[PDB]
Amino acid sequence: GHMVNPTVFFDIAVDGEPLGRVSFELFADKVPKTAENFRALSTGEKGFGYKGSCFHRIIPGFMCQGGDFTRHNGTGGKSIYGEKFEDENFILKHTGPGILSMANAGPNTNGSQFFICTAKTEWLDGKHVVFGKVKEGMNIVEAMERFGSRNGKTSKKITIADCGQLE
């Protein structure tokens, strides 16, 4: 039947202590290639992915960035496609808190890194691909946000202790 947009979860920890769960709707109807990458990295089904990775940069009143599961600092990451992949489209905009969007280093350089907005970031429209939104647990993202700083260094270690796909 009809494709149902996937739901994925992250169970977040702070210095190894459970914080709570954030779940996301992935807009596979609009950005299928991008949604699928994040979905598969969340389940780990290719043999690599987000489980155990950290949020390396958190700037309160802006965004939380993660997904660098290879180098843990924003210098690494890889997609499920064997290479960075293209910007699918820019249909969806950075409208406010909870938007899930791809990090990149130029046109057509999507890997695994992503960010969760904690504010409207409209200046990123048209250059970062929006592919999902927080469904439940925006309060958990707001709690994470408190451990960021102006320059984005976190004051506690913020990890994805577990992640996967929901019904």
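Numbers for residues come from their place in the sequence shown, where the first is 1.
Between 22 to 30 and 61 to 69, the higher mean Cα B-factor belongs to 22 to 30. Per the PDB record, residue ranking by Cα B-factor puts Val4 in the highest third of the chain.
Annotation for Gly52: CA B-factor lies in the middle third of the chain's modelled residues. In the deposited entry, the Cα temperature factor of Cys163 places it in the middle third of its chain's modelled residues. Annotation for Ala105: CA B-factor lies in the middle third of the chain's modelled residues.
Residue-level temperature factors show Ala119 in the highest third of its chain, judged at the C-alpha atom.
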